[PDB]
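Descriptive structure summary
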Amino acid sequence: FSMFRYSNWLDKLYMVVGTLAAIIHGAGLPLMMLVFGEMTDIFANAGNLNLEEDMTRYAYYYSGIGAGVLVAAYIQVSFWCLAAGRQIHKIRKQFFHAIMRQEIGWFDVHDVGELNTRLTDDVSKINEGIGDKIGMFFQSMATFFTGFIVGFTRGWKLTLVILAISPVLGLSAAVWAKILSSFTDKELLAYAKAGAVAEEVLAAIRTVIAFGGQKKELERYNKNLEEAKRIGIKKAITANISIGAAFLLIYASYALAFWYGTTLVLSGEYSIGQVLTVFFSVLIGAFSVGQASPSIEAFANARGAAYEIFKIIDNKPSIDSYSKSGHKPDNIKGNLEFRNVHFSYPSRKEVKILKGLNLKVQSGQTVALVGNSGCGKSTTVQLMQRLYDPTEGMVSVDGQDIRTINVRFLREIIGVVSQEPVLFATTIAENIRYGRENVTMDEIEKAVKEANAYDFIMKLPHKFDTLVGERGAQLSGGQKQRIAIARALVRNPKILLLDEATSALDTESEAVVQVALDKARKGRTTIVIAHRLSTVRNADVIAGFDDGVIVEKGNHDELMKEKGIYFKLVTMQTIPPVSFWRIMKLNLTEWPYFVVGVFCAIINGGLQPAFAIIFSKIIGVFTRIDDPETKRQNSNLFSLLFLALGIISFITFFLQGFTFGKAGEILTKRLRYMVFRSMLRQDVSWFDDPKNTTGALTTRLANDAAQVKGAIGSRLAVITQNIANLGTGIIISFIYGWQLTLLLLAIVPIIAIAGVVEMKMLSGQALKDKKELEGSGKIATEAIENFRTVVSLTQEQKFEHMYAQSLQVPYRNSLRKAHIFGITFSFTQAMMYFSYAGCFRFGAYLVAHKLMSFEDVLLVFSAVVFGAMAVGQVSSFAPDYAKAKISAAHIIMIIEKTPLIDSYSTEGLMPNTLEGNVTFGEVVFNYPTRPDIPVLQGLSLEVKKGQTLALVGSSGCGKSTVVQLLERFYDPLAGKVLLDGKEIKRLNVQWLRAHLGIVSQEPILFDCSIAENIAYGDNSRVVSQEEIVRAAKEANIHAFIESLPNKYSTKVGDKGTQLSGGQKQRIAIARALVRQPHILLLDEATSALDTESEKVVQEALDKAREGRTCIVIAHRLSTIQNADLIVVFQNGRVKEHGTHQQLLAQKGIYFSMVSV
Ligand SMILES: CC[C@]1(O)C[C@@H]2CN(CCc3c([nH]c4ccccc34)[C@@](C(=O)OC)(c3cc4c(cc3OC)N(C)[C@H]3[C@@](O)(C(=O)OC)[C@H](OC(C)=O)[C@]5(CC)C=CCN6CC[C@]43[C@@H]65)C2)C1
Ligand SMILES: CC[C@]1(O)C[C@@H]2CN(CCc3c([nH]c4ccccc34)[C@@](C(=O)OC)(c3cc4c(cc3OC)N(C)[C@H]3[C@@](O)(C(=O)OC)[C@H](OC(C)=O)[C@]5(CC)C=CCN6CC[C@]43[C@@H]65)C2)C1
Ligand SMILES: Nc1ncnc2c1ncn2[C@@H]1O[C@H](COP(=O)(O)OP(=O)(O)OP(=O)(O)O)[C@@H](O)[C@H]1O
Ligand SMILES: Nc1ncnc2c1ncn2[C@@H]1O[C@H](COP(=O)(O)OP(=O)(O)OP(=O)(O)O)[C@@H](O)[C@H]1O
Ligand SMILES: [Mg+2]
Ligand SMILES: [Mg+2]
């Protein structure tokens, strides 16, 4: 995959013209430097002695080359970006077409989300990897070679030494980049412990809040943050040392080159202009190669990904849903013959589900299926639709094999109502019309009437226009089934397969659905897989599938007389803003560091005007007319000075780095600490919201250093360095004349913006496109995750056309952005050449009257222009400021958060002793996530000291909500709750959490030692190993722990992978019992555990029941039998209360549950 461009045979003209334009543009700059050297030489010759004519001629040369540069740059960038846009459009369209056309098995194998992220990331990477980067690389190569050519043709010795020095700097920069990358990877690795701890704690937020173990997790995260801080400080020091060494090497090379050139010219060789042009061209060539480092790498970054994408296009599917070569029968009579159907799913090919079966079905035969859970009746259903292919068998209709007919046409005549129908997020009318494009409003009404969906469909607003919510959120359990049935019927299917037709909420609509389905069956063959036998009785025939083969056959009476498995089954069943002054939170911790950093930044910035002054003096050495030998010595004084400056730079930068990094890491630590603390000292409701997801929160806490540290330190560093450099240059220039200084000030801004934009053109080329790509994202994703239904009804054509339109809508935007980027880049490039021309023409005109010496004019020009270029480059170098500012605003918002239930708060009551007598009255509460769904209906409970209460009812009554409110996770909307006649709100939060104990319905265990895991139940006190052993004996886990290796030292794995689920539940129960809470709550303690284990847990609870109020929420009525009191929930309202014997005497809802 070295040449992965294949589209728009006429687009290659764009690529070729762009390549030529890039070559000529890169070659131009060395020509500009050559004419600059010639102009300097002629100016020096004039100074030694009509200069106006020569100055005008060279100004015209500058103007012509600048116009050529503008045209070439526009052609290059515009054409290359045009080609990139066209290629990316074609690639995305083809890739989506291939994905939709792919076979079902291939999708079932690979993760669908993986495929979606592959699509988006790979296409974005390819977009970044061609067009702009290719043009930049060709420009860099052309500049390299042309500069070397200019140096050689106008130099024989100085060019050689410059070229030989160049690889030293190149290798130094390469090794610096390599070490920086490796150490950045190491630093990333250094956050593994912190990331894991944060993820585990956030996932266990509920349990940790219940146990009040914030301090230990915070300390662990603090240790991890300290390690990461050391790593980051080392990283920053290394990077700053590398940059300083690069600058030192550059200045050493410049000093050596200028010294050698001065010696050579003093020997009588080529004059100063030749030295200047040769040196500048050599440096341009030697440093242009570095500009190519991203492009090629980006190409590689865009290379491998492309490979993978192409593979997906390459694979021709076994079942081409888009192919039309398949035969198309004219009249399709209802008749099915599946003989020796043997097959298995390639996802797990080891297990063979289909082992050959015989099934002959006539027209309009409601052949029901009977078997066991997982017997493979849904495999027979799937194989019926021709999605897969039998390993060895024959499925035919009307004597013709399934493969003998076109897949699309064959699937069109066959409708399937899956167990979990999915409706696309379109209009209900569009949902119905998905069956066939040629569907009229009258047909839609007829289908609605047949499905008996007229009431539900028309009652809501927009009867034929309502947009179905994501995954039918607005729809109902039976509404989706009715809509699917109507859509299936809209296609006039010949074979209708059904699976779990109305197994969603009840059978009220099931009767209507069955009546509608059975209304028309003469021509439309039917197959049904219904768990309920109600419709089985009316079934024309019933086939019993077992061991991958049909066993039972015949009518219901025949099956009953045959003593089949079906007979036994029937018998049994019957945008906050930001602020800088406010964001100055590092001053307290960096009062003496920021000052040194600013001082070093000022010195580094002033280094540039020092270079300008030194270079101007060096040129003036020969610009002078005295021409003594002393100049040689003077030249040395200048030449050596160069080296000195470099050394100073190498110091300051290093001294800067250790400062800046030290300023950063500290904050990076503190924030990472503080934010995490602020995360724990918050209410659960804050964690209960779409915004706060564990992944989002942990990423925000993880990728925050680079933003806050950037915006704080780097902003000040770059601002100080830039003000130093540019202001010093401006003042020094104004000292040496002002008119030329005024013109150069006028032309500085274009230079600065050009530098900034060109620097940004490498990395941040593609950052705003996604905001439009999402317009198709959903459309693609909706067709990937929910692809089974789409392939079922053959609706890929509409999805691909919609994808085409959604790509077209931003395609014009992409074209326009390409054009504007090209135009602005070309104008930016031409700006420098125009500035050179105008400024030097003005300087020549001024010096003609002896107003200012040529040396002064050159000094001002160099100072101001080089300062503009330096500010552009350095401003581009620093991290982006907007993203950093918004991230810092988010961090400030998080850290400043004030909760409704603050654990850290010391305001509250801390009673010495309590009887644990709970009294809740008129308890009203709603979940802040969905306040429009109240769960509490004014409960009334009064549990006395040493009293056991149990909660029963139907799922969804909020049983777990009672426990949640007991721990004071959520404040009550209304009602009074008192533990021994004391207001809950007035009571302390930490004391309440410690004194009480709970057992999670879904217990989780951290990746800690068994002893440590058990001890984590309690906090703020050292638990002796003897206490842990006694508690384990309480839960009957001491012997189990001893049996396993390491005893309690056995490091429990993540979620206790090694340990059994029942073992994890027992460990959680033991941890809860360690604190010996007065009030203990177990929500489905049994749940999934050994019956003997549940009995042992109940016995252990009873042993400590005395003086320990207990609450139990479990489905095992046997445990509730001995419960002191039982309360049955009725939609959040308690119906009956009292002892179990009283409940038995007072028959009611519980009576049915006990019998059930
Ligand atoms: C004329 C073109 C060029 O000279 C090319 C680079 C950038 N500038 C000139 C000055 C310069 C360079 N580096 C600077 C750092 C701070 C301030 C200025 C510079 C330049 C260099 O060292 O002079 C020879 C350079 C730059 C980079 C550079 C190497 C380099 O020296 C050749 N790296 C290749 C990239 C880089 O992003 C990368 O991915 O390395 C693979 C790299 O990151 C790493 C991993 O170190 C790095 C640090 C050197 C990171 C942040 C900024 N990016 C920009 C590109 C990259 C650099 C050379 C213009
Ligand atoms: C249209 C915007 C712009 O292209 C921006 C820069 C300036 N001009 C274009 C011409 C240009 C650039 N460089 C030239 C060298 C010789 C002749 C012409 C140029 C430009 C570039 O490299 O594009 C390929 C550039 C120039 C520099 C430049 C960056 C730059 O863009 C890559 N640097 C800011 C300085 C520089 O001296 C410096 O950073 O250290 C002091 C820098 O040295 C380094 C470290 O690369 C360098 C270029 C190698 C060296 C010697 C002379 N100084 C003066 C300014 C500085 C340059 C690009 C206009
Ligand atoms: N598309 C599929 N990909 C992979 N495995 C599948 C697929 N469909 C079914 N299976 C698995 O193959 C076996 C066959 O069971 P299948 O799902 O076909 O039964 P069923 O008739 O739907 O019964 P039930 O719904 O009562 O479990 C099961 O283990 C099932 O999980
Ligand atoms: N964090 C939450 N976000 C959204 N809804 C929630 C949240 N916590 C609870 N709910 C809602 O509260 C109810 C959950 O009931 P709860 O589990 O408290 O009682 P239950 O009778 O023990 O439950 P189940 O019958 O499901 O075992 C559901 O309505 C659920 O939507
Ligand atoms: Mg099934
Ligand atoms: Mg529950």
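Residues numbered from 1 in each chain as written, not as in the entry; some residues may be left out. Chains lettered and ligands numbered in written order. Heavy atoms only, no water. Residues with missing side-chain atoms left out of burial classes, pairs and counts.

With respect to the UniProt feature "binding site: ATP 1" in the protein
According to UniProt, the "binding site: ATP 1" feature falls on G371, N372, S373, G374, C375, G376, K377 and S378. Inspection of the secondary structure puts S373 in the loop between β4 (367-370) and α11 (377-384). Position of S378 among the secondary structure elements: in helix α11. If we skip the residues at most four places from it in the chain, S378 touches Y345 and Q419. (UniProt positions renumbered as here; feature names shortened; annotations may be inferred. Helix = DSSP H or I, 4+ residues; strand = E, 2+ residues; numbered from the N terminus. Contact = heavy atoms within 4.5 Å.)

Comments concerning the side chain of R672
Within the secondary structure, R672 sits in helix α23 (residues 630-680). A polar side-chain atom of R672 sits 3.0 Å from the main-chain carbonyl oxygen of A702. Here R672 is in contact with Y191, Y221, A228, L667, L701, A702 and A705, once residues within four sequence places are set aside. (Polar contact = N/O pair within 3.5 Å; in protein donor to acceptor, adjacent residues only side chain to side chain.)

A closer look at helix α38 (residues 1061-1074)
An α-helical turn contains 3.6 residues, so a residue and the one three or four places further along point in the same direction. The end-to-end C-alpha distance of α38, which contains 14 residues, comes to 20 Å, matching closely the 20 Å that a straight helix rising 1.5 Å per residue would cover. At the C-terminal side of α38, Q1076 shows a positive phi close to 50°. (Expected span 1.5 Å × (residues − 1).)

Brief notes about the sheet that holds strand β7 (residues 414-417)
What the six strands build is an open sheet, ordered β7-β8-β9-β4-β10-β11; its pairing is mixed. What marks the edges here is a single partner per strand, and that holds for β7 and β11 (550-552). Across the sheet, the mean angle separating the axes of adjacent strands is 25° when strand polarity is ignored. By the bridge criterion, two bridges tie strand β10 (residues 541-545) to β11 in an arrangement that is antiparallel. If you follow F545 over to β11, its bridge partner there is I550. (Pairing = 2+ DSSP bridges. Axes fitted to C-alpha atoms, helices over the stretch in contact; angles between N-to-C directions.)

Brief notes about the domain arrangement of the protein
What the domain assignment reports for the protein is domain 1 (1-154 + 284-324 + 768-830 + 840-851), domain 2 (336-573), domain 3 (912-996 + 1079-1091 + 1109-1156) and domain 4 (1004-1076). Computed over C-alpha atoms only, the centres of domain 1 and domain 3 are separated by 66 Å. (Domains from an automatic or database assignment.)

Regarding unusual backbone geometry
Here the phi dihedral of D547 falls at roughly 55°; this positive angle occurs in a residue that is not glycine. Positionally, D547 belongs in the loop between β10 and β11. A positive phi is found at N1046, a non-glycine position, where the angle reads about 75°. Tracing the chain through its elements places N1046 in the loop between α37 (1038-1043) and α38.

A closer look at the sheet that holds strand β19 (residues 1125-1130)
Taken in spatial order, the six strands of this open sheet run β16-β17-β18-β14-β19-β20, and their pairing is mixed. Each of the sheet's edge strands pairs with one partner strand only, and the pair in question is β16 (997-999) and β20 (1133-1134). Across three bridges, the pairing between β16 and strand β17 (residues 1079-1083) is parallel. When the sheet's bridge partners are listed, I998 is paired in β17 with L1081.

Looking at the pairing of strand β14 (residues 948-953)
Pairing of β14 with strand β18 (residues 1109-1113) involves three bridges; the strand directions are parallel. Directly across from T948, in β18, lies its bridge partner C1110. As judged from the five bridges shared by β14 and β19, these two strands associate in the parallel manner. Across the sheet, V952 pairs through a bridge with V1128, a residue of β19.

A short note on the UniProt feature "binding site: ATP 2" in the protein
The UniProt feature table records "binding site: ATP 2" at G953, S954, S955, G956, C957, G958, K959 and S960. With respect to the helices and strands, the residue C957 is situated in the loop between β14 and α33 (959-966).

Section: the packing of aromatic side chains
Relative to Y803, the ring of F96 lies with its centre 4.1 Å away and its plane at 20°, an arrangement referred to as stacked. Geometrically, the ring pair formed by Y191 and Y221 is edge-to-face, given 6.4 Å between the ring centres and 85° between the ring planes. Here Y191 is found in the loop between α6 (158-190) and α7 (192-203), whereas its partner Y221 is found in helix α9 (residues 214-266), with 30 residues between them in sequence. Lying over the aromatic face of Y881, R715 brings its terminal NZ or CZ to 3.5 Å of the ring centre. (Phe/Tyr/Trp six-rings, centres within 6.5 Å; stacked < 30°, edge-to-face > 60°. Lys NZ or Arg CZ within 6 Å of the ring centre and 35° of its normal.)

Some details on the packing of α9 against helix α22 (residues 587-623)
Two elements in contact, α9 and α22, have axes separated by 12 Å at closest approach and are oriented at 5°. Compared by their axis directions, α9 and α22 come out roughly parallel. For the pair formed by α9 and α22, the contact residues are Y251, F258, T262 and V265 on the first element and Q608, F611, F615 and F622 on the second. (Parallel < 35°, antiparallel > 145°, perpendicular 65-115°, else oblique.)

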